[PDB]
Amino acid sequence: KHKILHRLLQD
Amino acid sequence: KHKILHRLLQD
Amino acid sequence: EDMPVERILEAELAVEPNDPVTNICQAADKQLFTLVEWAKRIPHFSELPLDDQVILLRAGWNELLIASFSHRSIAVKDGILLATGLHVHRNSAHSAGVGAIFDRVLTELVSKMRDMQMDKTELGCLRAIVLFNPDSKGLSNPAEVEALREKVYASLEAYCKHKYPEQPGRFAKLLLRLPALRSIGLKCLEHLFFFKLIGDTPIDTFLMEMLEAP
Amino acid sequence: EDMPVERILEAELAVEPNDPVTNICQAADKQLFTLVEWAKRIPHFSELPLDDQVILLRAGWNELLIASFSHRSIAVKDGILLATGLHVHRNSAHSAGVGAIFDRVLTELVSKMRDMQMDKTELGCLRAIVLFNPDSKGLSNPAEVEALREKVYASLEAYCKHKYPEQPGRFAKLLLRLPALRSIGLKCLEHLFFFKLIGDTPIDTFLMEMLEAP
Ligand SMILES: CC(=C/C=C/C(C)=C/C(=O)O)/C=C1\CCCC(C2CC2)=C1CCC(C)C
Ligand SMILES: CC(=C/C=C/C(C)=C/C(=O)O)/C=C1\CCCC(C2CC2)=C1CCC(C)C
């Protein structure tokens, strides 16, 4: 869950 | 409206 | 300009020396009468016009009562002590379907008050700040209420730093429990309105009056 | 211990140089991407475990965005300036059925920020305090988040008093807008969930993700 947020925080 | 509160504050 | 913490502490000491939901609602009604006596003892509250005194209490009663039973329960393990002398255990609240909000009170309020050892003077000042809520709609003179609020937190800060010089962030820590109190206060009202709608769960006259519109 | 207001101000300046509801929801989605970039610029946020970074942003995004568009609108008469460059006038909000919450934002947030001339550093610190919310459920290490919050308000107070020595109650006044922000934040979420339920009113992917459970 929360695909977008994780991707943005990691990058 | 608010009968109880008024009575208590006034007394 | 005339808002001594001593008077606020006195106000606190003056008013306070099987469905758990029903017991909670009964304690709430009982405490509403006591809340009026408490407010009257807060410096300058009684000098405000009657209509504004009504607005302030209707706007803050739920947060004011929650702050009080939360602080009262600091000595309690996993439960809350009601004004009626009854204790509600975490397990009891959970088994009644109100475990979520109960846990928020224990975690966000009680545990935090216990951890920082919030004292009665500080509790009293925080409630006085909540009472003097300048954002309350309908106030005839909001600036006046805001002025009283400012005098309360000015006195509270002086009290802190003098009483707890070694804890410079204490004053801020106290004010920072207000957002939690506001959120919990709103959730508790939602529960009350649902109980009133569903019927069952007796709701006494003063508590019921607070649920009146607005 | 390492939380300079200068870095917080930089974070603020770095991210920000016919149904009004649809425009508001579009601006919200757009700003969520920018919010992530803002947070990454807040000292120590990125050092927290990824799971806690997610929890903190999911818990505070609505309040964080509201604080931002509210401060941005201090120059606006009776309206709000959206990040998309669009303006929503009080009359427009009212004619769309969202006048009540709109008025709360103007009265409880915008007007108050304007009246005390809240500056960007203060705004940045208040948002950093909201970001570092130790009450967020699921946090792997709440004490760590609480420590960061404490460092932020310690720095904020130092900034005030040094910048505004003649206003001793300024620091408290800033923290005292947080309860209002919390209440308004909750009401805005209620509106969003209703819009999602009713359908209509397009809701983009990031905004939609924030509405996911929990
Ligand atoms: C608004 C209010 C007031 C509590 C007053 C008391 C109990 C004062 C006292 O004794 O000193 C609290 C309520 C209301 C209905 C909804 C719920 C909860 C759904 C039961 C609670 C209780 C709040 C905590 C204990 C969980
Ligand atoms: C949660 C949120 C976020 C706003 C983000 C923006 C618009 C950022 C920006 O541009 O800089 C705000 C919402 C959500 C849906 C419910 C309503 C309101 C029912 C429309 C509002 C807008 C809040 C004020 C303007 C009234």
Side-chain angles (χ1 to χ4, degrees), chain C residues 16 19-32 34-35 61-73 79-86 88 90 93 96-106 109-110 184-185 187-196 201 203 207 210, chain D residues 16 19-32 34-35 61-73 79-86 88 90 93 96-106 109-110 184-185 187-196 201 203 207 210:
Chain C
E16 194 171 303
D19 179 37
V21 171
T22 297
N23 294 307
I24 292 167
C25 289
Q26 292 179 307
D29 187 75
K30 170 193 180 68
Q31 289 315 89
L32 276 172
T34 298
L35 184 64
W61 74 272
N62 58 312
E63 294 182 20
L64 291 168
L65 296 188
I66 292 166
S68 290
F69 70 65
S70 291
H71 188 268
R72 181 191 302 134
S73 309
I80 294 292
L81 176 54
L82 306 183
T84 54
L86 175 50
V88 180
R90 176 166 180 283
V98 292
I101 188 59
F102 199 84
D103 282 356
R104 287 199 63 190
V105 169
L106 294 179
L109 301 178
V110 182
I184 289 171
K187 182 57 61 178
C188 289
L189 278 179
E190 297 176 62
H191 281 282
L192 262 172
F193 278 114
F194 176 68
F195 297 161
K196 175 188 176 180
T201 298
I203 297 181
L207 180 57
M210 291 301 217
Chain D
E16 194 171 303
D19 179 37
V21 171
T22 297
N23 294 307
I24 292 167
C25 289
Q26 292 179 307
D29 187 75
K30 170 193 180 68
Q31 289 315 89
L32 276 172
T34 298
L35 184 64
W61 74 272
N62 58 312
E63 294 182 20
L64 291 168
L65 296 188
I66 292 166
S68 290
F69 70 65
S70 291
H71 188 268
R72 181 191 302 134
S73 309
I80 294 292
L81 176 54
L82 306 183
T84 54
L86 175 50
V88 180
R90 176 166 180 283
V98 292
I101 188 59
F102 199 84
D103 282 356
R104 287 199 63 190
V105 169
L106 294 179
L109 301 178
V110 182
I184 289 171
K187 182 57 61 178
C188 289
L189 278 179
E190 297 176 62
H191 281 282
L192 262 172
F193 278 114
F194 176 68
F195 297 161
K196 175 188 176 180
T201 298
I203 297 181
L207 180 57
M210 291 301 217

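Just follow the structure's listing: the first ligand is 1, and inside any ligand the first atom is 1. All heavy atoms count here, side chains included; hydrogens, waters and symmetry mates do not. Lettering of chains follows the sequences in order, A, B, ..., and the numbering in each one begins at 1.
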Checklist line | Polar side-chain atom of C:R90 near backbone of C:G79 as donor-acceptor pair, under 3.5 Å | finding: no
Check: Heavy-atom distance under 4.5 Å between the side chains of C:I24 and C:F195, does that happen here?
Finding: no
Note to self: If we check side chain to side chain contact (heavy atoms under 4.5 Å, CB included) with C:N62, which of these qualifies: C:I184, C:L32, C:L192, C:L189?
What the structure shows: C:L189
Please tabulate, line by line, the atom pairs linking an N/O of ligand 1 to a protein N/O at a distance below 3.5 Å, with the distance in Å to 0.1, or answer 'none'.
{"from": "ligand 1", "atom 1": "10 (O)", "to": "C:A83", "atom 2": "N", "distance (Å)": "2.9"}
{"from": "ligand 1", "atom 1": "11 (O)", "to": "C:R72", "atom 2": "NH1", "distance (Å)": "2.8"}
{"from": "ligand 1", "atom 1": "11 (O)", "to": "C:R72", "atom 2": "NH2", "distance (Å)": "3.0"}

Notebook entry, point to check: Which heavy-atom pair separates C:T201 from C:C25 by the least distance, and what is that distance?
Noted result: CG2-SG, 4.2 Å
Check: Rounded to the nearest 0.5 Å, how far apart are SG of C:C188 and CZ of C:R104?
Finding: 8.5 Å
Note to self: How close do C:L82 and C:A27 get, counting heavy atoms only, and between which atoms?
What the structure shows: CB-CB, 4.0 Å
